[PDB]
Amino acid sequence: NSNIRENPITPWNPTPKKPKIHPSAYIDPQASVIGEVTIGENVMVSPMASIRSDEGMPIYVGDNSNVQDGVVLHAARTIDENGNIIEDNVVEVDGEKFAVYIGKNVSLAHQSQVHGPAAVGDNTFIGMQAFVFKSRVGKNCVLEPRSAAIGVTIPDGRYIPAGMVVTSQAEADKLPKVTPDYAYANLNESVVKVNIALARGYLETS
Amino acid sequence: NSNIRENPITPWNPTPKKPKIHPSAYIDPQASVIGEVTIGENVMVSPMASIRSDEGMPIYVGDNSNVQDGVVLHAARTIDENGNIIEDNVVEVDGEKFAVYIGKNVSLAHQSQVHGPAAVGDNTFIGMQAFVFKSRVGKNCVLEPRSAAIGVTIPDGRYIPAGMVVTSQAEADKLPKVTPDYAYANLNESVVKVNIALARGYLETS
Amino acid sequence: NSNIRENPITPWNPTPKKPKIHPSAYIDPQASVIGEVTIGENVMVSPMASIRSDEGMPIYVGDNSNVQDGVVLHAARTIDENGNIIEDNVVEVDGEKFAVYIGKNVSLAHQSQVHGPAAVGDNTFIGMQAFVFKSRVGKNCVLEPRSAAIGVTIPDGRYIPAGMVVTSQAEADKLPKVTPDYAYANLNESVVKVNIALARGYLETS
Ligand SMILES: [Zn+2]
Ligand SMILES: [Zn+2]
Ligand SMILES: [Zn+2]
């Protein structure tokens, strides 16, 4: 398992940290997982995904989420030169601090990127080639393909239309709501089911 | 050839499928090809490309096409829980059904993505970081870098300007036409020649 | 070091060229470096980056720069079928000719792409998922995430706002100036420090 590796000693990280990966998660041989990473149950990590917890850490990927081809997870440093926490570079979730927090039943679709500090709430679809950076995406959200959230909080239950780059909180507060007739309303549930089954199938051949 | 692999058994796929790759195609050691995939003659598949036919299948890449660095091919499931074909998730081309169909002399340039259901017609350039999803791109087309086609049919012989995200069929019908003086008019022919020669050169060292 | 490779013989390249990589640079095992490439001191090349100098060449990455996850460097051919240099496909920097020139203290952030012909000047941040193609980016510049420069020269000391695709020189000449109170004004210095330290740390475990 050359592709699952400790992070190196740095001025902000004095001991190597090794990923904690649940046995029901599947890491593709050509995915890469480095450093202080926790990956939950049934998580499918596809080829060419890179989860790199060597600058900002920790990075958490919750149960039944998926990390698809070419997705990148990385984060800005959380420890100062003085050794003090950089509060603006961490996100608090359930009373704990993370560089990147991915909740449960989250899909990170092909070539998307979540860059810390960032959190993605449960049951949220992050669409293909989408981008999340210095942002909190609520639960039950849909980032359509090529959308982006930079420096904002996306309210629970909203979607970002394809191609839209949201940098203003006033715009984020105004985003349209997911409804039963919205075209992507049931997509994440489908994608999560598929990827749980892919992880199970790939593990049976391992 | 650890990087050329069968897909796993899943509820929608009861037997493993293995890629069919012509001997004149070159698969980079750090490209990944999984599942029910057919790759034609002289196809150059560059490092970090991921062709993954494990959800929707089959994926077809025609003769003399190229799949460049970091390109992703994947597709939505084509078989229901009941085992019935999901017709909206397949494309018909020449009387056959595909999850993703890439025609002949097609360039999929660096970091682009074609996500099924989708078809790309012959002699079409899909530019760097471009995106094709639930769409039919005609033949002799040019998707400039960062362009996207989502949920539309691109008429033969049109181009999408750089950065434009086309989601409306009315907009797709109005796209500008490739002409001899268009800046990208002869690019695909050049890129196809280069990649055929790269595949030949890389195979001679293999 | 299977991932550091010569380029193949082609009609435009009659002898194989091998990368020249300084001993203080770190190449991730799942990065790929092919062909006529020069990589300077302390350069961190992250997982899934592909530096491919097999069509246009040479590709140069200067001292203390970094090439992050999923970044692609490639270039259009520089030699004609007749064997004459294609002048429009090379960039001159300090009296020398390159397919891609990356200066010193440059960050190529996750999933960005620089496609030759192109030059990036010293101390410039190329943001996540950004794109540089047939362009000269000045020194002390910031391309925010999802920005792009195609067919233009970016003056020294300017930034491109997130998501903006610059294709017109008149627009490039008008881009806003980096100032001490600009949000990204000090980012590149920070990122360069981090990546120098990452390269040192990763090499100590190698
Ligand atoms: Zn980063
Ligand atoms: Zn997919
Ligand atoms: Zn190229």
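Protein chains get the first letters and strands the later ones, always in sequence-line order, with residue 1 at the start of each. Every number for a ligand or one of its atoms is a count from 1 in the order of the listing.
- Here the rule is side chain to side chain donor-acceptor pair (under 3.5 Å) with B:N105, and of B:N195, B:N66, B:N123 only B:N123 fits it.
- The shortest heavy-atom contact between B:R52 and A:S46 is NH2-OG, 3.2 Å.
- Counted within 6.0 Å of CG on B:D80, heavy atoms from surrounding residues, nucleotides or ligands total more than 12; the atom is thus considered enclosed.
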| After noting the C-alpha distance and the side-chain angles of A:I150 and A:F131, does the key distance pass the side chain to side chain contact (heavy atoms under 4.5 Å, CB included) rule? | CA-CA 8 Å; A:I150 300 162; A:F131 181 64; 3.7 Å; yes
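- Protein N, O or S atom count below 2.8 Å of the Zn ion (ligand 2): the structure gives 3.
- Between B:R5 and B:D54, no side-chain nitrogen of the basic residue sits less than 4.0 Å from a carboxylate oxygen of the acidic one, so the salt-bridge criterion is not met.
- The side-chain heavy atoms of A:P117 and A:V90, taken from C-beta on, include no pair separated by under 4.5 Å.
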